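**Q** Please find one structure pasted underneath; my questions will follow.
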Amino acid sequence: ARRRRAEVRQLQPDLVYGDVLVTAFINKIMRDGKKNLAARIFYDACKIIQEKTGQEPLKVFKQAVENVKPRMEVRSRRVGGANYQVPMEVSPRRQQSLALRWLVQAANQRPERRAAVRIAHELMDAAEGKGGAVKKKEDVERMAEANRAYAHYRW
Amino acid sequence: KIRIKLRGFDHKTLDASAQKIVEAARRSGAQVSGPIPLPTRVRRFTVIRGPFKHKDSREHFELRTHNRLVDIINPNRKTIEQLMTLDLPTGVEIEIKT
Amino acid sequence: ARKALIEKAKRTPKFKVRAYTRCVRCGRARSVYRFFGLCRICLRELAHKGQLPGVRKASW
Amino acid sequence: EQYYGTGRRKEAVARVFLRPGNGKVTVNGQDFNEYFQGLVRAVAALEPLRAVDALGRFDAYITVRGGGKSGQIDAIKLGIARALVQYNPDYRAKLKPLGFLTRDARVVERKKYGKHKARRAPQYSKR
Amino acid sequence: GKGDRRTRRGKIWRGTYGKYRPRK
Amino acid sequence: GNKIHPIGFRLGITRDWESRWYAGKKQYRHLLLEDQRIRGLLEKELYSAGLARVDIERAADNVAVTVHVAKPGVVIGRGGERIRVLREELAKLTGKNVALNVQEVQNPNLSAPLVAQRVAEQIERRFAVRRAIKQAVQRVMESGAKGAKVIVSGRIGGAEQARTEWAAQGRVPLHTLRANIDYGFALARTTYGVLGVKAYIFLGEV
Amino acid sequence: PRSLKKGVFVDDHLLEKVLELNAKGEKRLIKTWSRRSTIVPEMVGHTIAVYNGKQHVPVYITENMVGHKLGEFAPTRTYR
RNA sequence: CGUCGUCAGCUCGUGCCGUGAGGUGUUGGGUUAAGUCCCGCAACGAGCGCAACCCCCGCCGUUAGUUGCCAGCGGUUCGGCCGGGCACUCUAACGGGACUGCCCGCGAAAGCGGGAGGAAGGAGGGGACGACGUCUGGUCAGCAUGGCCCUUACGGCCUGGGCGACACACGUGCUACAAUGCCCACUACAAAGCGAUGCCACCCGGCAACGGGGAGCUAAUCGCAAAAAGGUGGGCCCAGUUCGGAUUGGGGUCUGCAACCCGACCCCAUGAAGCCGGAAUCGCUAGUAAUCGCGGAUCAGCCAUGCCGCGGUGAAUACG
Ligand SMILES: [K+]
Ligand SMILES: [K+]
Ligand SMILES: [K+]
Ligand SMILES: [Mg+2]
Ligand SMILES: [Mg+2]
Ligand SMILES: [Mg+2]
Ligand SMILES: [Mg+2]
Ligand SMILES: [Mg+2]
Ligand SMILES: [Mg+2]
Ligand SMILES: [Mg+2]
Ligand SMILES: [Mg+2]
Ligand SMILES: [Mg+2]
Ligand SMILES: [Mg+2]
Ligand SMILES: [Mg+2]
Ligand SMILES: [Mg+2]
Ligand SMILES: [Mg+2]
Ligand SMILES: [Mg+2]
Ligand SMILES: [Mg+2]
Ligand SMILES: [Mg+2]
Ligand SMILES: [Mg+2]
Ligand SMILES: [Mg+2]
Ligand SMILES: [Mg+2]
Ligand SMILES: [Mg+2]
Ligand SMILES: [Mg+2]
Ligand SMILES: [Mg+2]
Ligand SMILES: [Mg+2]
Ligand SMILES: [Mg+2]
Ligand SMILES: [Mg+2]
Ligand SMILES: [Mg+2]
Ligand SMILES: [Mg+2]
Ligand SMILES: [Mg+2]
Ligand SMILES: [Mg+2]
Ligand SMILES: [Mg+2]
Ligand SMILES: [Mg+2]
Ligand SMILES: [Mg+2]
Ligand SMILES: [Zn+2]
């Protein structure tokens, strides 16, 4: 991207919750372009959340995402021989990209045999404030500021 | 019921043999079923441009065999004449399975 | 093409197996296209001259 | 009496015949749900109708050939959208903004030479 | 997988037929 | 090494084939091997007539043919004594029994194949290359033509180091697929080795 | 997983030279260029020198080896 | 032919400047994918390049119906099967169509940012096409060619070996390590191609490879033909395991004069390593990557997991 500024491409709203944020999560889940299988997995998850929870899955989904979004992160920058971990804000766009990516990654780290259970349970532990996803988010933010000494290298 | 098969390599050489057979028969036979297209059969030849190595160059060549149908119903004797010795194309081949 | 191994025209292979295409123009024995009897090199040479009827440059 | 569009996508031809009725949809002599058996996407195919409050005021006989089911689903998406305008040309005033009238032009890019898959280039070493 | 001679997908990949993939 | 043969590149438009005979996957290779045998002889002798082109049409054992030369007479002969021997040389080659028309090249200086042959000969007689080229481009440019160019290979003048002499005038847009440019290539044996000669003439656009 | 079909192959060079040589009985040595040929019953006891491309190796044929080609006893290459 | 590369750029004619090499033009502001265009200039123009003219894909219309329809109707062996019709879909020739034209905003202009119509905008998407030249680059084993050398052998014919060797090292790939998976069923939806000494429907025998026998096709009529991934159902439960199929033993089918060295293919056994890969490092900006299968050339057969194409499903991300 040396010329333009590659504009964010819009996604087709969910075929159920009619949410773009959902298609997104589905895309991350998807592997080898098997968007059907991807779709099913996510849905059985919204279902499993309906089960163990008397709350609309869509609301749980959101909440979860929100808790995994990193509002700060460290970025490497070479200055004077060595490389310094410079902490800096995180654009909204990237927070979303990061939150969803981590949810799926954290979810697939889980122990439950069935894919749907994993996303479901990860999504829950997420909106709760726990789970491997939220840790990554926290281990990152802890990383930032832990290097606030270099915050003047704004970047 | 005259089955007419026209094949070739030029799509003008054939359309110039489906015209010397479309009007020179609408004055002695049925209203005739216009020249019918018929999908082509392409044959690709992919060759490595250079004499030695360089297997990543390659150029593409092909032999496109166009087709035509016509099919004039009602031989009528008089039709089988306006179309006896009144053609022109040299890069064409004709067939008749009436 | 070693004008002596161009005994392919022999037709008396003892066993039809030993029969091998071989170029009609170069003697080139390794890329002889059945349809043209030519090798990939000459097949490209003549096609450029328009001496191979119908054969054009494909593109899509 | 009857209205019809077409719609095509990624090489999938769709013949759409809309006739007033309940809401039944026949795809190749099969229930909509029969043809698109368990394809989360399918739902989409009829989005144009819902885009103008039809569906429950129409019925549709659909033909299809060429491609894959999701591609066919997109074609159907256009047919229904076209006929739905032939019925009433004032419907464009709504389907346009949703781009339901547009024929997605995206197609399988050609496979180039010296390249595994059109763009994917071969991997090399010790350079 | 595609490498299992005596299996369904195995025969397909190897472009053959047999007990594990008859011609209907 | 770049640039496709400007003819093979323009077969689609501005430039027809040199054999308009159809065939099927069983005979094509034969009727082809035949044409070559034909051009093989035609050129092996009619050299002196200066043969620019040689078309070959067919319909079924009635092998049309033709031969566009600059000096018809050389073909014909006393009344037609040569055009006789040869005409029989064709059916003796291939018991096809075929015609053998003769078109005259209005101007042998607007036919790249000749212009090439031209310079190619001079080279063997030891004419100064650069001159020939300069001149040749003129002959072509004087007698019409919106552009022209000539290229000789290397060992120019018997030199050990192979070079490449240029020379060209007017337009010669090879990238423009419509130029209608005649291209002619002439070899050129020599005591010390081969020299290649290419000729380009741009005449009319659309 | 061996194979050949119905019609065991054996070059007739040595064949009509062996089954015929069985008339008087046996003999010392033979010399063939038919690795191709299968070893058949009527050879047991013979000593067929096989060519390997450079040499004519002396192969003593036995019951247990009836079925194997002659080439299998005349190794082509030379390693360490 | 490859390469620097589709990177822009390389030049000329006359004039002007300089004793001269050589400058100016081609520099400079704006703009473009571009020496693209604009404005300005001792320069005015031009040539090879850029672009355009050619091909493919996207929308619509003519002309044309032994492929399409029952859309329309009437016969039904309820099979577009028959009548019948070109509407539709296709097939394939020819045209239309997009021009920053239209609207608002900025600008000296070119043009930039949006907005409306439109299938499609501002190079629609992909090809073909690669300047003056460089590498003293590749190739005398494709051919052609100067010189040199051998001309009972550096020529020629065979049979058999070899190019397939194996302590070892690297490149490119294939199949995997599994549950977003592997099986077995059962069901769908492709596109481009190939088919006389051939594709091979269908029938019989064989677990099968394949063998008998034979319908139709010189193929939009018949055949390769099943597409696979998917979808429904069922099994496996997390294990070197219903993951993975390497090795090796045995029995066979084929092609071929002939499968030891040295062929694929089938069936029963065997069931290796591998649990996701150190330092390093590769591809790709969207129908692209990833993934799924299908056809071709060569060719008897084949060591195709190569190669050249085809279509299905279909992302992530680009601050800068
Ligand atoms: K274009
Ligand atoms: K050189
Ligand atoms: K796989
Ligand atoms: Mg030679
Ligand atoms: Mg052979
Ligand atoms: Mg051949
Ligand atoms: Mg779906
Ligand atoms: Mg693909
Ligand atoms: Mg297995
Ligand atoms: Mg460019
Ligand atoms: Mg000057
Ligand atoms: Mg002066
Ligand atoms: Mg200068
Ligand atoms: Mg100058
Ligand atoms: Mg300059
Ligand atoms: Mg200059
Ligand atoms: Mg300057
Ligand atoms: Mg610029
Ligand atoms: Mg320019
Ligand atoms: Mg200027
Ligand atoms: Mg139309
Ligand atoms: Mg160009
Ligand atoms: Mg080198
Ligand atoms: Mg060198
Ligand atoms: Mg080798
Ligand atoms: Mg590897
Ligand atoms: Mg059976
Ligand atoms: Mg292990
Ligand atoms: Mg196992
Ligand atoms: Mg073998
Ligand atoms: Mg495991
Ligand atoms: Mg293939
Ligand atoms: Mg083959
Ligand atoms: Mg092998
Ligand atoms: Mg293969
Ligand atoms: Zn050749």
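Residue numbers (the authors' numbering), protein chains in the order written: chain G, 1 to 155; chain J, 1 to 98; chain N, 1 to 60; chain I, 1 to 127; chain V, 2 to 25; chain C, 1 to 206; chain S, 1 to 80. Note that CB positions come from ideal geometry on N, CA and C, so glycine has one too.
Using 8 Å as the limit for Cβ to Cβ distance, is residue 134/I near chain J?
**A** Nothing in the structure corresponds to residue 134/I, since chain I is present only between 1 and 127.
**Q** Which same chain residues, not among the five before or five after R43/J, have their C-beta less than 7 Å away from its C-beta?
**A** Correct list, in chain order: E62, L63.
**Q** So which residues of chain I does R58/J contact, with C-beta pairs closer than 8 Å?
**A** Correct list: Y113, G114.
**Q** Run through chain J and tell me which residues come within less than 7 Å of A59/C, C-beta to C-beta.
**A** Result: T90.
**Q** Identify each residue in the segment 3–20 of chain N for which the Cβ-Cβ distance to at least one residue of chain C is less than 7 Å, and report them in chain order.
**A** Answer in chain order: no residues at all.
**Q** Comparing C-alpha positions only, which one of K149/C, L46/C, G158/C, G144/C sits nearest to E124/C?
**A** Of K149/C, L46/C, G158/C, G144/C, the residue nearest in Cα terms is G158/C.
**Q** Quick one: give me the first and last residue of the beta strand (DSSP E) that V119/C is part of.
**A** No beta strand (DSSP E) holds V119/C; the alpha helix (DSSP H) holding it covers 112–125.
**Q** When you compare the CB of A44/I with every CB in chain G, is at least one pair closer than 8 Å?
**A** Yes, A44/I lies at the interface with chain G (some Cβ there is under 8 Å from its Cβ).
**Q** Assuming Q103/C and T164/C make a contact with CB atoms under 8 Å, what is their CB distance in whole Å?
**A** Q103/C to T164/C, Cβ: 34 Å. No contact.
**Q** Return the bridge partner residues of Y60/S from the DSSP annotation.
**A** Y60/S is bridged to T47/S.
**Q** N22/S by DSSP, collapsed to three states: which one?
**A** Coil, per DSSP.
**Q** Counting only beta-carbon atoms, is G8/J nearer than 8 Å to chain C?
**A** Yes - at least one Cβ of chain C is within 8 Å of the one on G8/J.
**Q** Using a beta-carbon distance below 8 Å, is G27/N in contact with chain C?
**A** False, the Cβ-Cβ gap to chain C never drops below 8 Å.
**Q** For a contact defined as C-beta to C-beta under 9 Å, what are the partners of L11/G on chain I?
**A** By Cβ distance, chain I contributes nothing, its closest Cβ being about 13 Å from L11/G, past 9 Å.
**Q** Can you name the start and end residues of the alpha helix (DSSP H) that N76/J belongs to?
**A** From DSSP, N76/J is part of no alpha helix (DSSP H); its letter is neither H nor E.
**Q** If you reduce the DSSP assignment to three classes, tell me which class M84/J lands in.
**A** In this structure, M84/J counts as coil in the three-state DSSP scheme.
**Q** Under DSSP, the alpha helix (DSSP H) around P72/C begins and ends at which residues?
**A** Note, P72/C: alpha helix (DSSP H), 72–76.
**Q** Identify which residue in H121/G, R75/G, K130/G has its Cα closest to the Cα of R154/G.
**A** If we check each option's Cα against that of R154/G, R75/G comes out closest.
**Q** Can you find a CB in chain J that lies within less than 8 Å of the CB of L43/N?
**A** It does: the Cβ of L43/N has a partner Cβ on chain J nearer than 8 Å.
**Q** Measuring alpha carbon to alpha carbon, tell me which of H56/S, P1/S, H13/S ends up nearest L29/S.
**A** Comparing Cα-Cα distances from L29/S to each of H56/S, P1/S, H13/S, the minimum goes to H56/S.
**Q** Is residue 71/N close to chain J, meaning its C-beta is less than 8 Å from at least one C-beta of that chain?
**A** In this structure chain N extends from 1 to 60, so residue 71/N is not present and cannot be described.
**Q** In chain order, what residues of the segment 58–78 of chain J put their CB closer than 8 Å to some CB of chain N?
**A** Residues passing the 8 Å Cβ filter: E59, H60, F61, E62, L63, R64, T65.
**Q** Consider the Cβ of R20/C: report whether some Cβ of chain J lies at a distance smaller than 8 Å.
**A** So yes, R20/C belongs to the interface.
**Q** Does DSSP put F73/S in a helix, in a strand, or in coil?
**A** Three-state DSSP puts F73/S in a helix.
**Q** Under 9 Å, CB to CB, which of the residues in the segment 74–102 of chain C have a partner in chain J?
**A** Against chain J - using a Cβ distance shorter than 9 Å - the segment 74–102 of chain C contributes no residues.
**Q** Given that a residue counts as buried once 16 or more other Cβ atoms are within 10 Å of its Cβ, and exposed if not, what is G54/N?
**A** Result: buried.
**Q** Hey, how far is the Cα of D139/G from the Cα of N108/G?
**A** Cα-Cα distance, rounded: 19 Å.
**Q** Can you have a look at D12/S and say buried or exposed, based on whether 16 or more other CB atoms are within 10 angstroms of its CB?
**A** Exposed.
**Q** Report back the beta-carbon spacing between residue 166/J and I4/J to the nearest angstrom; my notes put them in contact at under 8 Å.
**A** Since the first residue shown for chain J is 1 and the last is 98, residue 166/J is missing from the structure and cannot be characterised.
**Q** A1/N touches chain C at which residues, Cβ-Cβ below 7 Å?
**A** Those within 7 Å of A1/N in chain C number zero; the least Cβ separation is about 16 Å.
**Q** Are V104/G and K28/G closer than 8 Å when you measure CB to CB?
**A** Their beta carbons are under 8 Å apart, which means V104/G touches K28/G by this criterion.
**Q** Given that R26/J touches chain N, what residues does it touch there, using C-beta distances under 7 Å?
**A** In chain order: nothing, as chain N lies at least about 31 Å away.
**Q** With a cut-off of 8 Å, does the C-beta of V27/I fall near any C-beta of chain G?
**A** It does not; no Cβ of chain G falls within 8 Å.
**Q** Per DSSP, what are the beta-bridge partners of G184/C in this structure?
**A** In the DSSP output, where bridge partners are listed per residue, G184/C has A199/C.
**Q** Decide if the segment 78–88 of chain G is in contact with the segment 4–24 of chain G; the criterion is three or more beta carbon pairs, one per stretch, under 8 Å apart.
**A** Touching, no, given that fewer than three Cβ pairs across the two stretches are closer than 8 Å.
**Q** Taking the beta carbon of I36/J as the centre, do at least 16 other beta carbons fall within 10 Å, making it buried, or is it exposed?
**A** By the 10 Å Cβ count, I36/J comes out exposed.
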